[PDB]
Structure formats: C-alpha cells, structure tokens
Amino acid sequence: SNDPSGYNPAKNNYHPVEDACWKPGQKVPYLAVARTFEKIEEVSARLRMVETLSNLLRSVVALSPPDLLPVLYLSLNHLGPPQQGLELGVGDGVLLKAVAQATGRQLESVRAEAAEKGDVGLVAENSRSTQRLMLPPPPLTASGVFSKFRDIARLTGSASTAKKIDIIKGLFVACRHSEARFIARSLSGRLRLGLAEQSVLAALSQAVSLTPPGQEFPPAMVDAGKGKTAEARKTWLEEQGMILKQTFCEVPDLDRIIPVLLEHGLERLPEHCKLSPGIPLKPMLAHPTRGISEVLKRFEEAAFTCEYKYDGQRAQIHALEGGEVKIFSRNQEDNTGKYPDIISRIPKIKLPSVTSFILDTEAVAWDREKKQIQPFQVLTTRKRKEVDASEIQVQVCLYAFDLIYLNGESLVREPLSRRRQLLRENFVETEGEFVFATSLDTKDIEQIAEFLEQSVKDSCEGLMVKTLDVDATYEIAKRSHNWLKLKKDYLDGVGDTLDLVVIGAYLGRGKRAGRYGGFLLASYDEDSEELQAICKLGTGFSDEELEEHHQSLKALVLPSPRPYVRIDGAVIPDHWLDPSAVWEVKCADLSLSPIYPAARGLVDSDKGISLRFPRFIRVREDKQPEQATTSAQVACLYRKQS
C-alpha cells in the first residue's frame, strides 16, 4: 500500500484495511509500529493514545494476525512473560558503545550528546550508520525486530557482549526514518510513550472487539461498534475491557492469552485462562495515605483491619495439587530456587486437609539467635537462584496476610473477612518461620495511632489498612490499589528530615530533558570540615520548583569540584555546584552505603550512610552549608533505628 513513512494510525475514521501501510498477509513493517509510537508520544490524553494503538492493532488483526503478539510486546517493551526471566543484558553502557560503533563516532561524543538531549534515541536517529552500503537492506519488520531482541537476550557466556553489539549495529544499519529512535529507546528501557500496560490492555480489548479475529479475508466486520449508539458502544467496550483485564490480572501472560483470543475470541477467554496455582498473578497493591483522617475519608463507614507493614520482599507462594511448590515475586519473577528453606517448610505451615493454595506473604529476614526481625539490607544478601538449603545464611520468616486460592477455589471475588478466616483456620503458625501478620480490627482513631507507633517499635514500616467486607475482594482489575499504606514519614512534620547541601546536578532524561533531573546532596562533616556526598535526589519538587532550581543553581556551576567536597564512588555530576543551596529532604530510613562517604567510619569502618526513599520537601533559604545536617547527626539518626 502507501509507504509506511506516511502511515497515520491517529487518522479520523481510521479503516483497518484501507488505512494500513502493508498488504494482507505481509509482515507488519517496523516503521508502522514506529509511526504509531510517534503519534502516541505526541499526545497527552491516554484515551487518544489508546485509540491510536487500537487502530494499529485492528490492522494487525485484520491483515497479519501472527504479528499481534510481537507488536504487543514491542508496545510494552517486554521480551516475554515475566516468569521466564528473559533479560537483554543491554543497558545504556552497551547501547552507547553500539551507537558509537554503528555511526563511526567516538564514544565520548555520543555519550555527551545522549546526556544533553536526554534521549539515546535522538542520537541514533540523527546520525547515519557507516556500515550502510549504497543500497539499504530490506525494511525492518515488527516480528523481525522482536526476534532480534530475543536473540540478544539469549546470548550468554564469554564474549557475548560483542555479539549483542553486532546485532544492535545490524538493526541500526537497516533503520529508516524514526525507527532508530525507538530501537535505541527499547534497548535502553525508555520508550517514553506515556502508554504502558493498562493502556495496552485497553487498546487490545477495543481492537479485538471492533475488529473480531478469525474472519475470512476480507473481513466482513471491520468495525463492530458502528451499528451502536455512542452510549451503547462505550458500555460494551467497558464490559469487554473488564473481561480482558480480569483475565490478565489472573494470568498476566500474553503467550497464553493471545493464541486464545485469536482462536476463540474475548468472550470465551475466561473459560480458557483462569487463576491456577503455578501461574503467577498480579498482586494487590496499596495507595499511600497521609494520615488517619484520610483513611476514614477513603473507607467511610466500612469496617477495616489494620496490619503491620513488614519490611521485606513479597512472596506469592503457590502449592499445586500433587505437592509442587512455586514462589513468585510481586512482579511475577520466579523465586522458587531462591527459597529452598521455605519450600521444605510448606508441610509445616498447612494442615493436611489443604490440597492446593496461593498465599500472599512478606518474606522477612529473621535472626534465630536473637529471635527478631532483621533489616531489608540483610534480606537482600540472600543468594538469588539455584540455592541449596544447607548453604542458607540469612534465615527468613514469612508473615502471611492473604489467601488467594484454596483447595481448587479461587478467592478473588471473596471478601477479605472470608479469605482471612480461611487463612487463619487452615494454616499453622510457627514463631520465626510462618506467622500471621499482626492485626487490629478497630475504628478508634486513638487505637489506630497507637498501633502505628507500635508497628514501628516492632521493626515495621507502618500499617496496611484493608476493608473487610465492603469492596474487600482481590479483584485487581476493579481496583489495583485497594489497600492503603500508612507510614509515619508520610505525615507532615513527622519523621526524619535532613538539611542537605546541593553539590552537583545531573542533566535530565525524558520528561526532564532540557533541565536538571537529579541532584547530588551532601552532609557536613564537622571533624574534617568537608562536605560528604550522602545521596542523590530526583523527586519531591513540582515542575515549577524544578525550573526554579535550574535558574537558581546556574550561577553556582563550577568547572571543577571544590577540594573540600568528597563524593568517593558516587556518580560524578554533569555540573559541579559551588556549595551554597541547602534543601530539606525526607526519607523513610537510613541505610549503610557501599558508595557514599557521608559518616563513613562513624558506624561502620568501610561504609558511610545514605537515605532510603529520599525526596525534596523545600528549600532552606535560612541555611548555609555550615549549618546543614552534620555527618555525626546522620550517624545518630542511623543508630536510633536500632
């Protein structure tokens, strides 16, 4: 058809056949995908992005259904189902090396341009590949590009990085128009679309509803909404959207869903893809809540429970009929090999009447000598894969807080009151191994405030708050953040704030391109009279405040660092700043740092101290660097976490 360079999936009255830029049965050109990404990136309304992607997907369904799965993965910037663990092994480092080689430029020139533009894609797009012959290779296809990404991910072992670079250079030699922009962005993990998983699902359900799969070509039905009123069409697409979303939340695996969609259609989907032990599901998440009054505003008169928010890692534990056990992370990564200790303890936690289950738990590092919870930083020293039981050094205690499936029954549509009762009755607590989350069922503001204080004294982050009977199910498609998280550091004037010195700035990427995206901060070490880097900072300022920072710090730029500023192994700022600006910064906790020099030697011989979840609060106009938080004060704050 038309040249893909003119493809317009944002067109009014888009016709899936007549407005496609490829012919029936042809492989979807990658430029059609790139042009769709361009039209998505250009707008800010999600509904417009969804419509534009839906248009592409409808053409793929009508003309080239085998390319639906790769086009979806390209749009998500995924390589496959998360539990399979495919990794490119390519970050900005390898990518920039490949761009420099492909274009015949020095690495430092490419690296500087990428930082100034805030986007590796703009560098790859606007320089020619010097491996080009006079006549270019054939145009890239969507399935071809996706398969090359998978080729990169499958390369392993010694000398594999050079082989990955060879594939990347091969892609850039074949790119036309905007293709190199989005190839580079995909490899760097920054597509910049404004459209991600929820909008992709909305576009997919819309596409297969409007243009049904499986029709004989040319399709008799290219727009199944045309005979409906706008109102009826909206209700219908909402209903179809929810069928897809709820299925995906139970089975978040397009390798499973898309073959079924193409063969049987969306209405029959839940009959083929259902929640089942052994298939990871999307977990229920939590909305930050900045005080107890906000909890009551949110839940109104509905009864709720408060639970300790344990400071570990989420572990979704699956016991299949027949005895097999699998464990998955919050993001569906397979963690079974990480927890041989947990797997051996399953017979100890479940009563013998339990034949299958999916449990929702927090894995927390546990000191068996002292019988107490250990920090997250201890938990993260566990080995990750193919771990044998005898070698475990850091023991774990599971804190169980939900039950999603039991003895063949999905509990996703059941109220927490019932799920929790089934949990409490069919599982067995053992101190230091498997325990139900500490909880309080109350509506008393004074009791809740005291329970929050106690959770912190008992080594937890705060509270989780969950309704028991009103909108109390585990239906992620209806509300993915159905629980509330209440932390003391959310409250204004409560928690540890530090006054820290701005000693450097980093050029922004993406939404921050053309200004500063982050800053390097320092505490004041009284004893050496030096400023010591403590953390970087990149959230907490409004867009207006960030522009004010850019204009107020420009006069402080230095060509070289001051000799009394120490950053050791911290990332060197793009712009050094004369120490002057002092900012109020809040954090959740202080951590022992392998890189930052702040307070090194005061708590640990080799490690200084950094901030967990730092965020900007406000400028301290009334403070100069000498009155910033001292490194000794930092050490005192760390110690009193106990």
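Numbers follow the displayed sequence, beginning with 1.
When the mean C-alpha temperature factors of 285-293 and 305-313 are read from the deposited coordinates, 285-293 comes out higher. The mean Cα B-factor in the deposited entry runs higher for 150-158 than for the other of 360-368 and 150-158. Highest C-alpha temperature factor among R233, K485, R268, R420, as the PDB entry reports it: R268. Between the residues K228, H481, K536, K457, the entry's highest C-alpha temperature factor is the one at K457. Split the chain's modelled residues into thirds by C-alpha temperature factor. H264 is in the highest one.
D489 sits in the highest third of its chain by CA B factor, as recorded in the PDB entry. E18 sits in the middle third of its chain by CA B factor, as recorded in the PDB entry. Per-chain ranking of the deposited C-alpha B factor places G194 in the lowest third.
Ranked by C-alpha B-factor against the other modelled residues of its chain, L556 falls in the highest third.
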